[PDB]
K.L.:
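Below is a structure I'd like to ask you about.
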Amino acid sequence: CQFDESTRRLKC
Amino acid sequence: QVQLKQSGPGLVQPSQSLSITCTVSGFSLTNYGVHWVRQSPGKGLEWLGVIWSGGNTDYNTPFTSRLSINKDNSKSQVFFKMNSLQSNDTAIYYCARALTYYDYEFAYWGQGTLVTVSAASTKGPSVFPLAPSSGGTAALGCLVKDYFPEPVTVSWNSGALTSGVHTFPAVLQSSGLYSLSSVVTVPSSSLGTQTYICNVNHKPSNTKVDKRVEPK
Amino acid sequence: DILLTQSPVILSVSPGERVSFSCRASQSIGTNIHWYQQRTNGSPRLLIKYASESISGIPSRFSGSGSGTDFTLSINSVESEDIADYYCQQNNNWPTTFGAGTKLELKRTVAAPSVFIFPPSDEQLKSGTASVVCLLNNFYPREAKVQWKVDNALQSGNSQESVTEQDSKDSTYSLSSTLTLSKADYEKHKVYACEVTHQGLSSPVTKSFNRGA
């Protein structure tokens with residue numbers, strides 16, 4: 001999983 | 001109430017410096033230290049440093065050389081500055097305060113400052129209507145096209161409309177510019193009575209647009 | 001630096017069920033561990049401090065335990081508002097470090113999307129670019145197919161998709177598919193169709209318009 005700055009959520 | 005409010009998001013060129021201001025209220029910088037934390041795609045959450053009540057500073061080891069924290073007790077401002085940024089220094093940067101003056105359990109956070117490291121230039125977006133035209137429920141929205149960098153804020157009717165709002169994550173186009181849509185579902189019988197405005201603000205470019213969305 | 005390993009990376013549970021998060025440390029850190037919640041476009045919210053102590057204003061379904069190297073955050077009856085990522089933080093050794101986080105997803109009943117299609121606005125056509133938007137609204141689960149067709153010609157490579165995170169109230173997703181043409185191409189064609197395939201529909205649903213009318 002990587003953190004996503006747009007949503008501030010982890011995208012797996 | 002206790003709050004921390006940081007300065008706006010924006011673009012910093014490669015090898016250039018980053019500067020964020022953390023303004024606090026509900027407590028005094030002479031009684032609590034202020035910490036700085038970032039959150040990046042590559043390294044996740046990452047403690048950067050702290051300035052204590054007495055003005056002393058600690059910096060996480062890989063940042064000792066390019067980090068400097070200062071403050072102004074009278075004006076309740078903490079100043080964050082980091083030197084020579086690279087691409088992997090793009091992250092959400094936060095200021096935060098702990099529960100007790102000496103500790104590290106972060107009960108209060110700033111709203112965050114998304115920082116983009118790019119030699120590209122800022123560009124405001126164009127705002128286009130997604131005009132309505134099943135079962136008495138009408139869908140409408142706004143197209144926020146061709147801006148850089150992230151982020152952009154969208155609301156509806158100056159904040160008074162939130163139920164049924166979906167604002168989609170931005171997507172990076174082949175041009176290198178971002179794009180998103182923001183939609184809302186409303187009763188179709190209310191399209192004759194109500195006005196529907198999407199409030200778009202792209203702070204990196206000082207672009208602020210209210211777009212009225214009507215049936216064609 | 002202490003390494004913090006959170007397991008697993010994704011948790012998928014149903015409402016009212018119990019759920020546990022795991023945080024393991026590369027060496028003993030006593031009870032010097034803190035937990036955080038991060039909702040969509042939020043900043044971290046402090047849930048538990050020192051493995052097990054409660055935080056003012058945090059609902060009682062949150063609790064934590066553990067000591068040494070193995071720690072557990074628990075939600076004894078999960079709710080839709082709990083959809084978020086969860087991190088752990090150690091502060092027994094300098095510098096304080098965070099784990100990589102666990103994503104919490106919620107299962108719910110199958111919901112079919114409501115499909116809407118928007119032609120491009122005359123305002124956008126004045127810049128020589130056309131955006132056709134197809135909206136799939138409030139559906140579960142996340143997997144769905146959007147197939148674009150212009151004058152019965154299949155479109156490939158000229159559309160982009162964006163999906164919301166899970167809604168905190170009804171646990172649904174919404175999707176936008178945007179088909180992007182030049183203005184010249186858009187004016188040369190007539191029938192613009194968006195076909196949607198989803199588990200909640202017994203047939204593909206097609207929303208279309210004729211340029212003009």
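Below, chain A is the first sequence line, B the second, and so on; all start at residue 1.
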K.L.:
Given a strict heavy-atom distance threshold of 4.5 Å, which part of B/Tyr94 is in contact with chain C: side chain, backbone, both, or neither?
P.N.:
side chain
K.L.:
If every non-hydrogen atom of C/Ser131 is compared with every non-hydrogen atom of B/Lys145, which pair is closest and at what distance?
P.N.:
OG-CE, 3.6 Å
K.L.:
Checking C/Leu47 against chain B: side chain, backbone, both or neither under 4.5 Å from a heavy atom?
P.N.:
neither
K.L.:
For B/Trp47 and C/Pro95, work out which heavy atoms get closest and say how close.
P.N.:
CE3-CB, 4.1 Å
K.L.:
Do B/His166 and C/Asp167 pair up side chain to side chain, a donor and an acceptor below 3.5 Å, judged on atom types alone?
P.N.:
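Looking only at side-chain atoms, C/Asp167 and B/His166 do not form any donor-acceptor pair under 3.5 Å.
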K.L.:
Below 4.5 Å, heavy-atom pairs only: which of B/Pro169, B/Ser133, B/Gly135 has the largest tally toward chain C?
P.N.:
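Option with the top pair count is B/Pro169.
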K.L.:
Looking only at heavy atoms, which two atoms of B/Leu140 and C/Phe118 are closest? And how far apart?
P.N.:
CA-CE2, 4.0 Å
K.L.:
Side chain to side chain contact (heavy atoms under 4.5 Å, CB included), that's the test. Do C/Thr180 and B/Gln173 meet it? Break it down for me.
P.N.:
CA-CA 10 Å; C/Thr180 306; B/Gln173 301 163 127; 5.5 Å; no
K.L.:
What are the two closest heavy atoms between B/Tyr104 and C/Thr96, and how far apart are they?
P.N.:
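In this case the closest contact between B/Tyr104 and C/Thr96 is CD2-CG2, 4.2 Å.
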K.L.:
Is the OH atom of C/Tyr50 crowded by more than 12 outside heavy atoms at less than 6.0 Å?
P.N.:
yes
K.L.:
Taking NZ in B/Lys203 as the centre, count heavy atoms belonging to other residues, nucleotides or ligands within less than 6.0 Å. Is the count above 12?
P.N.:
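For B/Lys203, atom NZ is not crowded (no more than 12 foreign heavy atoms under 6.0 Å).
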K.L.:
Between B/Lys43 and chain C, which part of the residue has a heavy atom less than 4.5 Å away: side chain, backbone, both or neither?
P.N.:
neither
K.L.:
Counting only non-hydrogen atoms closer than 4.5 Å, does B/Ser126 touch chain C with its backbone (N, CA, C, O), its side chain (CB onward), both, or neither?
P.N.:
neither
K.L.:
Taking the side chain from C/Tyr36 and the backbone from B/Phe106, do they hold a donor-acceptor pair closer than 3.5 Å?
P.N.:
yes
K.L.:
Given a strict heavy-atom distance threshold of 4.5 Å, which part of B/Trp109 is in contact with chain C: side chain, backbone, both, or neither?
P.N.:
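Contact with chain C: side chain only.
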K.L.:
Taking side chain as everything from C-beta outward and backbone as N, CA, C, O, which of these in B/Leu99 sits under 4.5 Å from a heavy atom of chain C? Side chain, backbone, both or neither.
P.N.:
side chain
K.L.:
Select one option (side chain, backbone, both, neither) describing which atoms of B/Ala131 are under 4.5 Å from chain C's heavy atoms.
P.N.:
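Backbone only.
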K.L.:
Show your working on side chain to side chain contact (heavy atoms under 4.5 Å, CB included) between C/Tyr87 and B/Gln39 and close with a plain yes or no.
P.N.:
CA-CA 12 Å; C/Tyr87 300 89; B/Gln39 195 173 12; 3.5 Å; yes
K.L.:
Could you look at C/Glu161 and say if it's the side chain, the backbone, both or neither that has a heavy atom under 4.5 Å from chain B?
P.N.:
backbone
K.L.:
Could you state the interatomic distance from OG1 (B/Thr185) to CG (C/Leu135), rounded to the nearest 0.5 Å?
P.N.:
8.5 Å
K.L.:
Give the intermediate values and the outcome of side chain to side chain contact (heavy atoms under 4.5 Å, CB included) for residues B/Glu105 and C/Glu53.
P.N.:
CA-CA 11 Å; B/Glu105 74 289 57; C/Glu53 309 175 350; over 6 Å; no
K.L.:
For C/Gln27, does the CD atom have more than 12 heavy-atom neighbours from other residues, nucleotides or ligands under 6.0 Å away?
P.N.:
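Yes - once you tally the heavy atoms of other residues, nucleotides and ligands closer than 6.0 Å, there are more than 12.
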K.L.:
Show the nearest heavy-atom pair for residues B/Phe128 and C/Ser121, with the distance to one decimal.
P.N.:
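Result for this residue pair: CB-OG, 3.7 Å.
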K.L.:
Is it the backbone or the side chain of C/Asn41 that comes under 4.5 Å from a heavy atom of chain B, or both, or neither?
P.N.:
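Neither part, no heavy atoms under 4.5 Å.
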K.L.:
Considering only heavy atoms, which portion of C/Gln38 lies under 4.5 Å from any heavy atom of chain B: side chain, backbone, both, or neither?
P.N.:
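The side chain, not the backbone.
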K.L.:
Please tell me if the side chains of B/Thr61 and C/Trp94 come closer than 4.5 Å, counting only heavy atoms from C-beta onward.
P.N.:
yes
K.L.:
Given 3.5 Å as the limit, does a donor-acceptor pair link the side chain of C/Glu123 with the main chain of B/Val127, or not?
P.N.:
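No, the answer is negative, given that no donor and acceptor are paired below the 3.5 Å cut-off.
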K.L.:
Where does B/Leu143 contact chain C at under 4.5 Å (heavy atoms): side chain, backbone, both or neither?
P.N.:
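Contact with chain C is through the side chain of B/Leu143 alone.
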K.L.:
Taking side chain as everything from C-beta outward and backbone as N, CA, C, O, which of these in B/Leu48 sits under 4.5 Å from a heavy atom of chain C? Side chain, backbone, both or neither.
P.N.:
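For B/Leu48, no heavy atom lies under 4.5 Å from chain C.
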K.L.:
For the atom pair OG (C/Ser127) and CG (B/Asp146), what is the distance rounded to the nearest 0.5 Å?
P.N.:
8.0 Å
K.L.:
With respect to chain B, which residue among C/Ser56, C/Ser43, C/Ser114 yields the maximal number of heavy-atom pairs within a distance under 4.5 Å?
P.N.:
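Of the candidates given, the most pairs with chain B belong to C/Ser43.
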K.L.:
Pick whichever of C/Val133, C/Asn137, C/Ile55 has the most heavy-atom pairs under 4.5 Å with chain B.
P.N.:
C/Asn137
K.L.:
Which is it for B/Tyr108 and C/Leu46 under the side chain to side chain contact (heavy atoms under 4.5 Å, CB included) test, yes or no, and what are the steps along the way?
P.N.:
CA-CA 8 Å; B/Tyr108 306 99; C/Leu46 180 65; over 6 Å; no
K.L.:
Sort C/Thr129 into side chain, backbone, both or neither according to what part of it lies under 4.5 angstrom from a heavy atom of chain B.
P.N.:
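Just its side chain gets close to chain B.
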K.L.:
By a 4.5 Å heavy-atom criterion (distance strictly below it), what part of C/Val115 contacts chain B: side chain, backbone, both, or neither?
P.N.:
neither
K.L.:
Which of the residues C/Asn91, C/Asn32, C/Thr97, C/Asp1 is involved in the greatest number of heavy-atom pairs with chain B at under 4.5 angstrom?
P.N.:
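Option with the top pair count is C/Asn91.
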K.L.:
Distance from B/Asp103 atom CG to C/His34 atom NE2, nearest 0.5 Å?
P.N.:
5.5 Å
K.L.:
For C/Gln160, is it the side chain, the backbone, both or neither that has a heavy atom under 4.5 Å from a heavy atom of chain B?
P.N.:
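The side chain, not the backbone.
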K.L.:
Heavy-atom cut-off 4.5 Å, strictly under: side chain, backbone, both or neither for C/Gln89 against chain B?
P.N.:
side chain
K.L.:
Which atoms of B/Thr167 come close to chain C, meaning under 4.5 Å heavy atom to heavy atom: side chain ones, backbone ones, both, or neither?
P.N.:
backbone
K.L.:
Select, from B/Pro129, B/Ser181, B/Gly44, the one with the greatest count of heavy-atom pairs under 4.5 Å involving chain C.
P.N.:
B/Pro129
K.L.:
Which heavy-atom pair separates C/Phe116 from B/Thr137 by the least distance, and what is that distance?
P.N.:
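For C/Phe116 and B/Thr137, the tightest heavy-atom pair comes out as CE2-O, 4.2 Å.
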K.L.:
Decide if atom NZ of B/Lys81 counts as having more than 12 heavy atoms of other residues, nucleotides or ligands within a radius under 6.0 Å.
P.N.:
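Yes, NZ of B/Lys81 has more than 12 neighbouring heavy atoms, counting only those of other groups under 6.0 Å.
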K.L.:
Considering residues, nucleotides and ligands other than B/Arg66, do more than 12 of their heavy atoms fall under 6.0 Å from its CZ?
P.N.:
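Yes - once you tally the heavy atoms of other residues, nucleotides and ligands closer than 6.0 Å, there are more than 12.
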